[PDB]
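Novice: Have a look at this one.
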Ligand SMILES: [Zn+2]
């Protein structure tokens, strides 16, 4: 199947998912000097007060914290977006070492990890129909660097022992995703795709400029997860990131001067 190893990783994905070589693939390098400030962007609105987390799941590629998206409980609006996008899950990509792990890069800089908060456009009714649309999804991306601990991350780190292997899940109610956000909502935005198979070109990317800091100990617990299932040979879940893809005919916009 697909994965991140030598034999089924990003260089091989195109054989089953030919859109991998398409015109609006993600991630990309964000060249900060070439991004254009757009005064037309409206402020970003992150409204997570009534988010309802439900469960955390190791899917063999990352872990997802899942939300109740049957009502507008946690939504993203404004910025480059038309309409309302509802939070359905978040997950991370991370490295085997602190010098790598992010999917997007900033002037070729790789961060230790990258958080993706995934939202679908409520005009399409549910996630599955949204990923048949060029404006179906909005993913809020946040970089992680290693430094001081992020207190709002610690409940996630502490449940990882219960979902070590592919297919395990655990209750994960009453988690507040606002505790994963940096102070500033300054961002870059561009049209792109899912960064894993099926690599569908449905995503408005919104990448925050300000990273959050997490401790060495917190990201080390990410690296103890497993890609394999229970009872199978252990393969640590590390380096589950896709490298930067060609920008092609795209412009990255900045919300800030
Ligand atoms: Zn992701």
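Residue positions begin at 1 at the first shown residue.
Going by what the header records, the deposited coordinates were determined by X-ray crystallography, 1.2 Å.
Cβ coordinates are placed from backbone N, Cα and C, and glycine is handled just like the others.
The following feature annotations were taken from Swiss-Prot:
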- 61: active site, proton donor/acceptor (ACT_SITE)
- 91, 93, 116: Zn(2+) binding site (BINDING)
- 162: phosphoserine (MOD_RES)
- 169: phosphoserine (MOD_RES)
- 195, 196: substrate binding site (BINDING)
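Looking at the shown structure, can you explain where the listed features end up?
Specialist: Residue 61 (active site, proton donor/acceptor) falls outside any helix or strand according to DSSP and counts as coil. For residue 61 (active site, proton donor/acceptor), the count of additional Cβ atoms within 10 Å of its Cβ stands at 18 [all protein chains shown].
For the recorded site, residue 116 (Zn(2+) binding site), the DSSP three-state label reads strand. Listed in sequence order, the residues of the same chain lying 6 or more apart from residue 116 (Zn(2+) binding site) and placing their CB within less than 8 Å of its CB are 90, 91, 92, 93, 139, 140, 141, 195.
Taking a C-beta cut-off of under 8 angstroms and a sequence separation of 6 or more, residue 162 (phosphoserine) has the following same-chain neighbours: 168, 170.
Cβ neighbours within 10 Å of residue 169 (phosphoserine), excluding its own Cβ and spanning all shown chains: 16.
In the three-state DSSP scheme, residue 195 (substrate binding site) falls into the coil class.
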Novice: Roughly how many angstrom lie between the C-alpha atoms of residue 196 (substrate binding site) and residue 61 (active site, proton donor/acceptor)?
Specialist: 9
Novice: Report, in whole Å, the straight Cα-to-Cα distance of residue 61 (active site, proton donor/acceptor) from residue 169 (phosphoserine).
Specialist: 14
Novice: So which of the recorded positions 162, 169, 195 sit close to ligand 1, that is, with a CB under 6 Å from an atom of it?
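Specialist: Correct list: 195.
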